[PDB]
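Data block below; observations after.
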Amino acid sequence: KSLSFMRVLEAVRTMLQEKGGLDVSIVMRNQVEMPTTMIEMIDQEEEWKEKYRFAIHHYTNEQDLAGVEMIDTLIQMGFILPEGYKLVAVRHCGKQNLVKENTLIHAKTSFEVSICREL
Amino acid sequence: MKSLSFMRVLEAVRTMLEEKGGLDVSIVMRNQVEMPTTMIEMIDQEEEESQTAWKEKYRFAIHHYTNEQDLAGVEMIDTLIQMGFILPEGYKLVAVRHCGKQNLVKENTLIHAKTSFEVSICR
Amino acid sequence: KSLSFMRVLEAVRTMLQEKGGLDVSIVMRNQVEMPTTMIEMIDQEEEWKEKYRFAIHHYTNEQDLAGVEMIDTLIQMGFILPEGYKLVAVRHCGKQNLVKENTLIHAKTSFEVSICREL
Amino acid sequence: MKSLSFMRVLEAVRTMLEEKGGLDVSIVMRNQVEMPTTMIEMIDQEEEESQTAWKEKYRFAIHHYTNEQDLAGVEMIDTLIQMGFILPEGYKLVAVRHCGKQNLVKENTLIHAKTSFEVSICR
Amino acid sequence: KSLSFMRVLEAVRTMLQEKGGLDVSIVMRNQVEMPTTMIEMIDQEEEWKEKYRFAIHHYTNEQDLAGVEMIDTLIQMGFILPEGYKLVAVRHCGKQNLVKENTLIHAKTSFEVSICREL
Amino acid sequence: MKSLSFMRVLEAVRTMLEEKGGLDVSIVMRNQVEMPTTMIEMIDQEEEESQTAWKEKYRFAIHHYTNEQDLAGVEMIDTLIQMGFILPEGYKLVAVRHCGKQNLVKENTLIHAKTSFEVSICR
């Protein structure tokens, strides 16, 4: 079977939290007022091989190159998946933004991951 | 050897989730949701290349609205759909794929989960 | 020459009416309040061979699998065209929807038809 | 051997429908219509591959607004356009095709018919 | 190096003004009330060879085939560029419109130009 | 051999325009501008095919708002960016291209100039 996107979201959140000590939410929200990091799942395509695309949203009061890049690097190093599923590649793909929304610096980083399952 | 209508496919999936899953799912997409619910949204349908037969792809999405995060419920639905559903004699479900938009977003006071599928059916 | 889309609309309506006893309108309308069936022409492409794409909109107070599928089946069986033009194929193509609009169940079914003319 | 301007093509078509059809047609698209009228809407223009010459595709649409269904009138226009229209010396109308959006829709109190063409012109 | 789109805009304006005696603005404006001719740059792609796409907007109180076509012809004949850059081709490409906006006849003509530089 | 984050690329460009150009440029895109300013808007990032290495394309746009036409300033920025910018050890700037939307438009009381680039970076 193919892993639910939500399972993938959870694995990234757990990695960010356990490996980076970061507090990341897996639910996308439109209106944001205080600093926060959310993961936004975008789409999925089965190519035993699959691609998931999601973006990391990092809101901060000031430009946070260090934090954004910690996250970027953490994700690129990988994350554990449930038995039978293996992360095979991580790459940047799609929209990368840095914009001022409300009073906050909003950084959006888009990833594509390739995941293999047992056949 | 007539091409199956989308609604027949809607029904096949709804019936399976009810019978095999005990879940109540609507096959009518609603644009204004203000309470938890599970809906199937049909999207499109296309012929697929078939050497030896007639193959067709149907795309639809499952919309799962809940008061809060519900990974257990989302995965239940997701896994049942991938396990397949019975079709009328002459039609063979060839493959069930995640394909297209996958979302987890807050809407007012609901968590909105959206899972997109593409199924291949042969005749 | 190539048949006007409207001529094709008329031939489908006549088929639905004469072969299915259904009352179908060939004019697309946005706001719909009472049960009805309309044909919506979408586009046309000349490939002596041509493709027309149109959708059938079936509004009912309750889910109407029987009615929707009668129509679906009627259309798939074909319809007569003016002399010199022959329907060669009918297939599902594009958006297929089932949505609740106003108080009505709105079913949209999209078709592509291939039509040949004398050369 | 200069590429023909869209307006020249607009004029060629308008002139034909008037001269051969006795129809009054505008070459100016209007976004706010509240009475019956026939308009040509120019859309786009592209080079086409030509081995031996210079070929170009022009796309435009005929907008036919009437108080009610008018298949006779729509077909009159449609048939004249497919029969061709004369162009300046050096340019040969190679083909007239239905291509793109074809619509029949109600707008307020008018029936709006839209027919899309692609013409190939060679030089 | 590659020529800035603005440099290309300026060269077309100078050509229209010096070769055609026309008064053309290189700044696109949304709301237009009096007759005018503006150039609207759209996009650019490097293929030593490059393509620029821009549209000419010609607003007049009455249909102006003569004026529109003078411009069309002027542009097709070419325009001079700064040393090291040569216009190699001009062709129609993209949206060509004739619409009534406000009280004015708005003509939009889209061009693609190929420009070569020294290597 | 880790893929470079967009922000690192933003910084590389900003730093160059400041150090080599004496220009003050923001790397934060603002949706509501009411005074002259120069901003870099990051757009997207994609892998590029590499035979022998790892190549990646980054796209961004320079937004130059001024009280009036400023060809001198637009060209200054444009030329510096094409001259390149230094990157961290291991990454080689392979090419700087104009690519995508290029605009010169009036917005309220400002002239808004938009220049779109694609850069290829290798590792």
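No Cβ is skipped: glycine too gets one built from the backbone with ideal geometry, and neighbour counts run over all protein chains shown. Taken together, the values in this text are just the output of simple stated rules run on the coordinates, not laboratory data.
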Problem - In segment B:1-81, trypsin sites (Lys or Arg not before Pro) in a DSSP loop with at most 16 other beta-carbon atoms within 10 Å - result: B:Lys2, B:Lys20
Problem - Interatomic Cα distance distribution for the protein assembly as shown, bins of 20 angstrom, percent - result: 14, 38, 41, 7
Fill in the blank from the handout: Cα-Cα longer than 26 Å, checked against B:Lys92/C:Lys19; C:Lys1/C:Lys95; E:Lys51/E:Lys108, kept in input order, equals B:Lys92/C:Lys19; C:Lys1/C:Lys95
Exercise for the section: Only loop residues by DSSP count here, and only those with at most 16 other Cβ atoms within 10 Å; note down the chymotrypsin sites (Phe, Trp or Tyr not before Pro) in segment B:31-123 that meet that. Expected result: B:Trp54
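Give the range of the longest stretch in chain F that excludes all GluC sites (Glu not before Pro) found in loop regions by DSSP and having at most 16 other beta-carbon atoms within 10 Å. Mind showing how you got there, number by number?
Numbers: sites that count: F:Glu34, F:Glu49, F:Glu68, F:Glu89.
In chain F, the maximal stretch lacking such sites is F:90-123.
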Completion exercise
With the 8 Å Cα cutoff and a minimum separation of six or more residues, chain F has a relative contact order in percent of 26
Practice task
For F:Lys55, go through the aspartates and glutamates and keep the ones whose alpha-carbon is under 14 Å away, minus same-chain ones fewer than eight residues off.
Solution key: F:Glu46, F:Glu47, F:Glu118
Fill in the blank from the handout: If one compares the long axis through the Cα atoms of helix B:6-19 with the longest principal axis of the Cα atoms of chain B, the angle in degrees, nearest 10, works out at 60
Completion exercise
Between B:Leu71 and F:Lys2, the FRET efficiency computed from the C-beta separation at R0 = 30 Å comes out, to the nearest 0.05, as 0.45
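Run the helix sum for chain F: -39,500 (n - 2.57) per DSSP H stretch of 4+ residues, divided by residue count, reported at 222 nm to the nearest 500 deg cm²/dmol.
Working: 2 runs with 26 residues, N = 123.
Calculated at 222 nm, the ellipticity per residue is -6500 deg cm²/dmol.
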Exercise for the section: May I ask for the angle, rounded to the nearest 10°, between helix B:71-82 and the longest principal axis of chain B, with both axes built from Cα atoms and the value confined to 0 to 90°? Expected result: 10
Problem - Within 10 Å of each Cβ in E:64-77, the average number of Cβ atoms from other chains - result: 2
Completion exercise
Given unit charges at Cβ for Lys, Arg (+) and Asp, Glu (-), the dipole magnitude of the protein assembly as shown about its Cα centre in debye, nearest 20, is 1000
Exercise for the section: Using a 10 Å cut-off on Cβ to Cβ distances, tally the other chain neighbours for every residue of C:86-93 and report the average as a whole number. Expected result: 3
Fill in the blank from the handout: Taking the dipole of the protein assembly as shown about the Cα centre (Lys, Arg +1; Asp, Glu -1; charges at Cβ), the one of E:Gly21, C:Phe79, D:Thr52 that reaches farthest to the positive side is D:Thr52
Exercise for the section: Specify the inter-centroid distance of segment B:39-115 and segment C:42-84, based on alpha-carbon positions, in whole Å. Expected result: 26
Exercise for the section: In nm, give the distance between the simple-model label positions of A:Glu83 and F:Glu11, each being 7 Å from the Cα along the Cα-to-Cβ direction. Expected result: 4.3
Practice task
Could you work out how far apart the two model spin labels at F:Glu47 and D:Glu49 are, taking each label as a point 7 Å from the Cα in the direction of the beta carbon, and quote it in nm?
Solution key: 3.0
Problem - Low-density loop positions, GluC sites (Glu not before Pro), segment A:80-119 - DSSP coil, at most 13 other Cβ in 10 Å - result: A:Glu83, A:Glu118
Completion exercise
Measuring from its Cα centre, chain D shows a charge dipole (+1 at each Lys and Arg Cβ, -1 at each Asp and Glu Cβ) which, in debye to the nearest 20, is 240
Exercise for the section: Under 17 Å Cα to Cα from B:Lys106, which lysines show up? Leave out anything in the same chain fewer than 8 places away. Expected result: B:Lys114
Exercise for the section: Note down the magnitude of the dipole of segment E:1-115 about its Cα centre, charges +1 on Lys and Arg C-beta and -1 on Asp and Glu C-beta and zero elsewhere, to the nearest 20 debye. Expected result: 200
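What does the average come to when, for each residue of peptide D:109-115, you count the partner chain Cβ atoms lying within 10 Å of its Cβ? Could you put the intermediate results ahead of the total?
Details: counts 0, 0, 1, 2, 5, 2, 5.
Per residue, the number of nearby Cβ atoms from other chains is 2 on average.
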Practice task
Please report, in whole Å, how far the alpha carbons of chain C spread along each principal axis, starting with the longest.
Solution key: 49, 25, 20
